[PDB]
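One structure is given here, and the rest of the page talks about it.
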Amino acid sequence: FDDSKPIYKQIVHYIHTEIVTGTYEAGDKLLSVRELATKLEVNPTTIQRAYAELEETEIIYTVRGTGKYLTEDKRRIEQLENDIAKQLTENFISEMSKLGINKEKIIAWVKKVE
Amino acid sequence: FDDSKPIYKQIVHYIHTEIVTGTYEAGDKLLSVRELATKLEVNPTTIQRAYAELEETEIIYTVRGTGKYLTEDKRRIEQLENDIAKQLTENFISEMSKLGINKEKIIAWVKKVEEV
């Protein structure tokens with residue numbers, strides 16, 4: 001993880017990435033707070049904070065005494081991918097546009113770069 | 001400006017932007033350290049550092065006791081645009097790729113996105 005930004009935000013994005021890539025499928029059981037903290041060498045508090053954010057946004061559910069589960073709702077997962085990809089893309093087009101590069105040339109750049 | 005990342009590098013990027021868009025045209029006289037510090041409301045020592053980096057990379061030059069100027073070398077300014085665009089594009093492709101989105105679908109995203 002990147003030294004400068006807060007770790008919990010990077011944990012949220014790490015879990016988001018596991019979801020969007022289908023590492024976890026809808027309904028799958030996630031690692032416990034302690035299991036993930038250990039795996040990543042991160043404070044359990046930080047993991048609990050990231051898990052709290054994921055639950056508030058209806059991505060994951062806590063089953064008291066058993067663990068945390070990925071949403072069963074495939075639409076919610078689709079919405080997560082869409083939201084993340086749309087923001088990355090908007091930001092990219094914004095930054096390219098600030099340099100004067102038109103959409104056709106933006107597309108050219110994306111095609112070119114491996 | 002973002003107080004998470006060095007300020008002089010953000011000023012370098014701001015100037016680079018004015019350069020790549022032709023707001024400053026090749027050979028043009030630039031604002032003085034003082035003029036720019038006021039316009040951006042930043043510490044002049046930050047502008048000095050940004051101007052130093054621009055001079056080291058041959059983007060600007062100094063005519064002592066007249067001012068600072070943008071390079072008149074068009075290829076240099078083309079190379080600046082290429083460098084910035086390449087990095088932006090590599091970073092974007094990397095982040096999208098990490099999500100499991102393939103190149104074709106990255107292209108489709110770029111084409112469909114409502115530009116804000």
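Throughout, a chain's letter reflects where its sequence line sits, starting with A, and its residues are numbered from 1. Heavy-atom basis, side chains included; hydrogens, waters and symmetry copies ignored.
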*Would you say the side chains of A:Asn82 and A:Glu78 form a donor-acceptor pair under 3.5 Å?*
no
*Locate the shortest heavy-atom distance separating B:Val33 from B:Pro44; write the atom from each residue and the value.*
CG1-O, 3.6 Å
*Check A:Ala37 against A:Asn43 and note the closest heavy-atom contact, atom names and distance.*
CB-C, 4.3 Å
*asked:* For a quick test of reading the model, state the closest non-hydrogen atom pair linking B:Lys103 to A:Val110 and the distance between them.
replied: NZ-O, 2.8 Å
*May I ask you to say whether B:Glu90 pairs ionically with B:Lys86, meaning some side-chain N is under 4.0 Å from a carboxylate O?*
yes
*Between B:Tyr51 and B:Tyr69, is there a shared hydrophobic cluster once you connect ILVMFWY residues whose side-chain heavy atoms come closer than 4.5 Å?*
no
*Could you tell me which residues satisfy ring-ring contact (aromatic ring centres under 6.0 Å, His included) with B:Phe92, sequence neighbours excluded, listed by chain and number?*
A:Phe92
_A:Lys111 NZ/CZ over A:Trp109 ring centroid, <6.0 Å and within 45° of normal_ = no
*Is it the case that more than 12 heavy atoms not belonging to B:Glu58 sit under 6.0 Å from its CD atom?*
no
*Answer yes if A:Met96 and B:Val20 sit in the same cluster of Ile, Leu, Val, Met, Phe, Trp and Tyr residues linked by side chain heavy atoms under 4.5 Å apart, and no otherwise.*
yes
_Can you confirm whether more than 12 heavy atoms, excluding those of A:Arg49, are under 6.0 Å from its CZ atom?_
no
_If we count only N and O atoms by modelled type, under 3.5 Å, do the side chains of B:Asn91 and B:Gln87 hold a donor and an acceptor together?_
yes
*Linking I/L/V/M/F/W/Y whenever any side-chain heavy atoms sit under 4.5 Å apart, do B:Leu36 and B:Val42 land together?*
yes
*Closest approach of B:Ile101 to B:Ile106 (non-hydrogen atoms, all atoms of both residues)*: O-CD1, 3.5 Å
*Looking only at heavy atoms, what is the nearest atom pair of B:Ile19 and B:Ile59, with distance?*
CD1-CG2, 3.5 Å
*Sequence neighbours left out, what pairs pass salt bridge (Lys or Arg N to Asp or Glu O under 4.0 Å) with at least one residue falling in residues 3-15 of chain A?*
none
*Would A:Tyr24 and A:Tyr61 show up in the same hydrophobic cluster when neighbours are defined by side-chain heavy atoms closer than 4.5 Å?*
no
*Please name all residues satisfying salt bridge (charged side-chain N to carboxylate O under 4.0 Å, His left out) with B:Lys68, sequence neighbours left out, ordered by chain then number.*
B:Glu55
*May I ask you to check whether over 12 heavy atoms, not counting those of B:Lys74, lie within 6.0 Å of atom NZ?*
no
*Distance-minimising heavy-atom pair for B:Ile77 and B:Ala26*: CD1-CB, 3.8 Å
*Is it true that the side chains of A:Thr71 and A:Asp73 contain a donor and an acceptor less than 3.5 Å apart?*
no
